[PDB]
Amino acid sequence: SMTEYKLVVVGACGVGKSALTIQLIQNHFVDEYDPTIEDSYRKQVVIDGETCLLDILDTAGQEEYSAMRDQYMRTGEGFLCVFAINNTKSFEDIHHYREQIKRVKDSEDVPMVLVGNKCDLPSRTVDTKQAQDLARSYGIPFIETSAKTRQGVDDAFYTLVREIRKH
Ligand SMILES: */C=C/C(=O)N1CCN(c2c(C#N)c(=O)n(-c3c(C)ccnc3C(C)C)c3nc(-c4c(N)c(F)c(F)c(F)c4F)c(Cl)cc23)CC1
Ligand SMILES: Nc1nc2c(ncn2[C@@H]2O[C@H](COP(=O)(O)OP(=O)(O)O)[C@@H](O)[C@H]2O)c(=O)[nH]1
Ligand SMILES: [Cl-]
Ligand SMILES: [Mg+2]
């Protein structure tokens, strides 16, 4: 049988959670996808010779989902923690996303990948060095992405599957 992986995409409003997810699922860039929509998407992929069924939850942090947030997160096997390379606040928020994931999962060994999105844009305010130092402090990988060009997007999700395997 195919190995099934429940992945959860988190991070500040506007970092590109939806754009990243829709690239993997539908192979196109969506400009300004409805920021309020939270849904799960399924995709079959081959990673290192293993057929994987991915169930990806694209979080939107809306008030209507707030009561059930912990129940939705607890079934996640791995988390993509996304910031944008032109938004320092989204990078500062990463340690808070990790605080909440560690709380819900009651563990410091939750499979996780740090993702720096929008690497196509010129006006960078967070360097790869900063993100790699943060990832190293957590013992997790860092992957740079552009949801616009699709560069690195699959590497981010596939890296998270490899982290879930180690767990
Ligand atoms: C464009 C809309 C959008 O993408 N988002 C809306 C807001 N959102 C979000 C926010 C905000 N603003 C937020 O403050 N937090 C919380 C909460 C509610 C409580 C404590 N810390 C945070 C941040 C700073 C980590 C969000 N948390 C989560 C969330 C929660 N509650 C959780 F328990 C987890 F285990 C998570 F993995 C997790 F990520 C989410 Cl879904 C969304 C926000 C961002 C998205
Ligand atoms: N140039 C560029 N724009 C992006 C990228 N990813 C997302 N966007 C845009 O950034 C905004 C926020 O993206 P969205 O996917 O809605 O973020 P979410 O709130 O995290 O789901 C939208 O206007 C997207 O079109 C990227 O890699 N490059
Ligand atoms: Cl929430
Ligand atoms: Mg979204």
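Sequence positions, counted from 1, serve as the residue numbers for this chain. As the structure lists them, so they are numbered: ligands from 1, and atoms in each ligand from 1. Scope of the values below: all heavy atoms of this structure, side chains included, with no hydrogens, waters or symmetry mates.
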Tell me which protein heavy atom sits closest to atom 1 (N) of ligand 2, plus the residue, atom name and distance to 0.1 Å. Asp120 OD2, 2.9 Å

How far is atom 6 (N) of ligand 2 from the closest protein heavy atom, and which atom is that? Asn117 ND2, 3.1 Å

Please answer: with hydrophobic residues joined when any side-chain heavy atoms are less than 4.5 Å apart, are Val110 and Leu134 in the same cluster? yes

Parallel, tilted or perpendicular: ring planes of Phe83 versus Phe142, cut at 30 and 60 degrees: parallel

Is it true that the side chains of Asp120 and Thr149 contain a donor and an acceptor less than 3.5 Å apart? no

Tell me whether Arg42 contacts the main-chain N or O of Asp55 through its side chain, where contact means a donor paired with an acceptor under 3.5 Å. no

Taking 4.0 angstrom as the limit and counting only heavy atoms of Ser146, give me the atoms of ligand 2 inside it, by number and element. 27 (O)

Any nitrogen or oxygen of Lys118 lying under 3.5 Å from a nitrogen or oxygen in ligand 2? Just yes or no. yes

If we only count N/O pairs under 3.5 Å, is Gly16 in contact with ligand 2? yes

Considering non-hydrogen atoms of the protein only, which is the closest contact for atom 3 (N) of ligand 2, and what is the distance? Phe29 CZ, 4.0 Å

Could you go through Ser90 and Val82, starting from their C-alpha distance and side-chain angles, then the distance that decides it, and tell me whether this counts as side chain to side chain contact (heavy atoms under 4.5 Å, CB included)? CA-CA 8 Å; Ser90 73; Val82 185; over 6 Å; no

Any luck finding a side-chain donor-acceptor pair between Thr125 and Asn86 under 3.5 Å? no

Just need the protein heavy atom nearest to atom 7 (C) of ligand 2, so name the residue and atom and give the distance. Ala19 CB, 3.6 Å

Of the backbone atoms (N, CA, C, O) and the side-chain heavy atoms from C-beta on, which set of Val30 has a member under 4.0 Å from an atom of ligand 2: side chain, backbone, both, or neither? backbone

Backbone or side-chain N or O of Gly14 under 3.5 Å from ligand 2 N or O: yes

Please write down residue, atom name and distance for the protein heavy atom closest to atom 27 (O) of ligand 2. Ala147 N, 2.9 Å

For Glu50 and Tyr5, does a side-chain donor sit closer than 3.5 Å to a side-chain acceptor? yes

Verify the distance test for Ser18 against the Mg ion (ligand 4): any N/O/S atom under 2.8 Å, yes or no. yes

Side-chain heavy atoms nearer than 4.5 Å, only ILVMFWY residues, links allowed to pass through others: does that put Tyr158 and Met2 together? no

Is it true that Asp34 and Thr36 share a donor-acceptor pair across their side chains at a distance under 3.5 Å? yes

Does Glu32, backbone or side chain, put an N or O under 3.5 Å from an N or O of ligand 2? yes

Please list, in number order, the atoms of ligand 2 under 4.0 Å from a heavy atom of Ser18. 15 (O), 21 (O)

Under 4.0 Å from a heavy atom of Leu121: give me the atoms of ligand 2 that qualify, with their elements. 1 (N)

For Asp31, take its heavy atoms, then give the atoms of ligand 2 lying under 4.0 Å from any of them. 23 (O), 25 (O)

Using only heavy-atom distances, determine whether the side chains of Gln100 and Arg103 contain a donor-acceptor pair under 3.5 Å. yes

Students should be able to answer this: which protein heavy-atom is nearest to atom 16 (O) of ligand 2, and at what distance? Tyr33 O, 3.7 Å

